[PDB]
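Chains as they are written, first to last, in the entry's author numbering: chain S, 400 to 449; chain U, 2 to 160; chain V, 106 to 154.
Cβ coordinates follow ideal geometry from the N, Cα and C atoms, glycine included.
Reviewing the structure listed below.
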């Protein structure tokens, strides 16, 4: 945003223009997939799930 | 001069409906803001009426501006700088000026050029945005029928 | 300056997502507001986060 806000022209930008949500959605997806904490949920009885 | 229910043109977001005159005082001064929304990105803009013309809010134009930009749209001998990036920067500044005649010049130039050649994706998106805001102003000026304004726009473009 | 997160309904129920291999999602919405300091405007939108 601060790389974009200074560079582009004033009285033409809008919050849709300044905001790139792609790092946010990529960050959540790379947490949920591919982290050592978001585990494949082990269930072969209810107790192992619990 | 701005009142509730008016229709006004805000640069560079085309048409704009005012909603109310916001009496939010701040810094000890009665900042008479006015909540003013567009239809493109659904963004509500509040500008104070003191510097509304300083930011360059502008009322819609009637039949004189209509046939004026029809004449400028019909105006032949459209010339351009030969460098395409100079051309693009020129029409970009003309579009960012927000003047309706400059918008008409830009859309008639880009329509005359891709109507002759078929230009670009960047020039295509340029023409799309400029045609969108000019169609919005012409739907405000003819007070109705954005699709009919589109059709009569494509009619007068062929002349 | 952002403001006010919000959630829609989920895009798909649980068993449908578990069948069709979609992730069980729900869309965010953030009321983002831009202010210009020198002239003074607000730009209140609804950014799909």
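Contact annotation: the region 97-115 of chain U touches the region 134-144 of chain U, with at least three C-beta pairs closer than 8 Å. Residues of the region 423-440 of chain S whose Cβ lies closer than 7 Å to any Cβ of chain V, in chain order: 423. Burial check for residue 123 (chain U): the Cβ neighbour count within 10 Å stays below 16, so the residue is exposed. Contact of residue 148 (chain V) with chain S is assigned, a C-beta pair being separated by under 8 Å.
Here residue 62 (chain U) has 101, 142 as same chain residues with Cβ atoms under 7 Å from its own Cβ, once five neighbours each way along the sequence are excluded. Fewer than three beta-carbon pairs drawn from the region 73-85 of chain U and the region 26-42 of chain U are found closer than 8 Å, and the two stretches are therefore not classed as touching. Our two residues, residue 45 (chain U) and residue 36 (chain U), have alpha carbons roughly 6 Å apart in a direct line. Here residue 82 (chain U) is exposed. Its C-beta has fewer than 16 other C-beta atoms within 10 Å. A direct Cα-Cα distance of roughly 16 Å separates residue 410 (chain S) from residue 401 (chain S). Assignment of alpha helix (DSSP H) within the region 416-442 of chain S, counting only whole runs of 4 or more residues, yields 421-431 in chain order.
With a 10 Å radius around the Cβ and a threshold of 16 neighbouring Cβ atoms, residue 92 (chain U) comes out buried.
In the DSSP assignment, residue 134 (chain V) falls within the unbroken beta strand (DSSP E) covering 133-135. For residue 107 (chain U), the three-state secondary structure derived from DSSP is helix.
Residue pairing from DSSP places residue 35 (chain U) in a beta bridge opposite U:48. Inside the region 51-133 of chain U, DSSP marks whole alpha helix (DSSP H) runs of 4 or more residues at positions 53-56, 64-75, 85-98, 101-117, from first to last along the chain. Under a criterion of Cβ atoms nearer than 8 Å, the residues of chain V adjacent to residue 55 (chain U) are, in order, 144. Rounded to the nearest angstrom, the gap between the Cα atoms of residue 118 (chain V) and residue 12 (chain U) is 43 Å.
Around residue 70 (chain U), the same chain offers 101, 102, 105 as residues with beta carbons nearer than 7 Å, after the five sequence neighbours per side are excluded.
Listed in chain order, the non-local C-beta contacts of residue 5 (chain U) below 8 Å within the same chain comprise 19, 20, 21, 22, local neighbours out to five positions each way being set aside.
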